[PDB]
Every structure is written in C-alpha cells, then in structure tokens.
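The chain below stands alone and is given in structure tokens; this is the form deposited in one PDB entry.
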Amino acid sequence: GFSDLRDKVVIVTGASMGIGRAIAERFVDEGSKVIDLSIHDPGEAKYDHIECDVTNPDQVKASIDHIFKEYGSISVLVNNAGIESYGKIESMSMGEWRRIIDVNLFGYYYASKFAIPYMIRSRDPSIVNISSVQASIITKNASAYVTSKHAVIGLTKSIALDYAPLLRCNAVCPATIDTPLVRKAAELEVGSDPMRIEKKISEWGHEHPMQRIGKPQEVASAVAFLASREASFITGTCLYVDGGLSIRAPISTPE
C-alpha cells in the first residue's frame, strides 16, 4: 500500500456505495481517517459519514468546515459523487439535463472550492476527481453525462495549474465498472433477470480488451496511487482505468 496515506484525513464524496465505497474502504485499509459526504447512509462502515448533497454549496461548505474542525486537517479530497440518466438532447427535459451537470460538475466545483483553503494548510495535499472513459470515447443518449465528464477534466486541469506546486489535482477515467449504477444500466436494458443481466454485462466486458468489466477496487487503486506521494510529480492528468477500451477501434482485421 501507500504508507504515506496513513492517518491522513481523506474526504470522499458519494462513498456510500459503488466506486466511492470502494475508494473509502481502500483509504481505510491504508490507515487514513476517511469521511464520506453523500446522500445515503452506508450503514455499518469503518469510515465516517456526513449527510451532504453536493449540489448544495452551503451544506458542502458546512460539512467540510466541520471536518477540518473535528480532524484538524484535510489532505485528500476525492470527488466521486455522480449520477447518470439517459436521453437525447431532444427528449431529456432541460431540468434533468441541468441536474446532471449540477451533480457531476458543480458538486466537484463546490467540494473543491471549500476544501482547498484547508488543504493548502497541510503538506502535499491532493485532489482526485472521478471522470470517465467518456471524457474521450462516448456513448449514445448520454448528452448531459458526457458533457459533465468532459467538464470535470477541464476543472481538474485548472485546479492543478492554479495550485501547483503545493497541491496536486488529477482525474481517474474508468470504463465499465461493476457498480450499482452499471447494474442499473443493464437492468434498464434487459430487465431484472440475473441471468440476462450477467449476459448484458458480459457483452460489455467483451467489448473491453481485458474481456471483462472492471471492479470498484481497481479504480480505488488508481485513486490511492494519485492521492499518494508516489505520484508527487503527477498533476493535471487523467489516469485511464479502462481495460484498454479507449484505444480499441471496432474494426475487424484478418486473423
């Protein structure tokens, strides 16, 4: 593991399930003091939790102010909370489109804006933003989602350039990962039959060169690496955790 993470204060948004829960648990295993900021109670967890809607800047600010007072510092912020709904620009309501940008982009902007002043008071603070492989290669009927994930890359670069060398900021770009969001996406296409759901997920996995979809813990490893001093000269980039998806052209060749 990354020894330097032990005892450091780490805030992870949307860590009550999926990738965020995996990230929180990894930091706990690294010995960090972890706090989840989300709108769902993970229940019995080894990490702290504060009810917090990332689209509410006042609640985000209050939650972060509280964490700094309670723990004494903030060394790492992992922006992960995100949602996805589907629809063509002509079918999705303007309200839903905006809501996706609000959670996926503005949530990252608010958490970063309020954590940074505190983070720079710590040694070598680091922010890791979860974007998507869709910051490069995209899916259909995902206008708002795709737009928000591209936006996250811009925010990441900006924070990195604006606060270097004191604080680093990077993003992780995962392809399909086994999480509630993805299980839900499969159900929305094939139903609740666990047999048909596995077939759908297997199909997606076969589209990735690695021949399977990723596991939450695999994204967590990338986040821990970027948050650690092992990535001391890495800032402003996106580390793709995509099983090779973003480099594959879907054009057959003779075998």
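Counting begins at 1, following the sequence as shown. Throughout, rigid core stands for the largest set of C-alpha atoms superposing within 1.5 Å between the two forms. Residues that one form lacks are left out of the comparison.
Higher mean CA temperature factor, per the PDB entry, when comparing 35 to 43 with 60 to 68: 35 to 43. For the pair 122 to 130 and 85 to 93, the record assigns the higher mean C-alpha temperature factor to 85 to 93. Within the selection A151, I137, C169, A185, the deposited Cα B-factor values reach their highest point at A185. The PDB entry assigns the greatest CA B-factor among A220, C52, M210, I201 to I201. For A175, the recorded CA B-factor ranks within the lowest third of the chain. Only modelled residues enter the ranking. Split the chain's modelled residues into thirds by C-alpha temperature factor. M17 is in the highest one. Split the chain's modelled residues into thirds by C-alpha temperature factor. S75 is in the middle one.
Sort the chain's modelled residues by C-alpha temperature factor and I116 lands in the middle third, per the entry. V190 sits in the highest third of its chain by CA B factor, as recorded in the PDB entry.
Beyond what is shown, the protein has a form deposited in another entry; the following relates to that form.
Per-residue Cα shift between this form and the one not shown after core alignment stays below 2 Å for all of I137, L181, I120, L161 except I137. Comparing the forms between this form and the one not shown on their rigid core, the Cα displacement of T147 stays under 2 Å. Once the cores line up, the CA of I101 ends up less than 2 angstroms apart between this form and the one not shown.
Once you line up the core between this form and the one not shown, the Cα of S85 ends up 2 Å or more from where it was. Expansion of the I83-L161 CA spacing by 3 Å or more is recorded in the other entry, set against this form. Panel note: the distance between the CA atoms of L181 and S132 is smaller in the other entry than in this form, the difference being 3 Å or more.
Residue ranges 81 to 94, 132 to 141 are the runs of 3 or more whose C-alphas all shift by 2 angstroms or more between this form and the one not shown once the rigid core is superposed.
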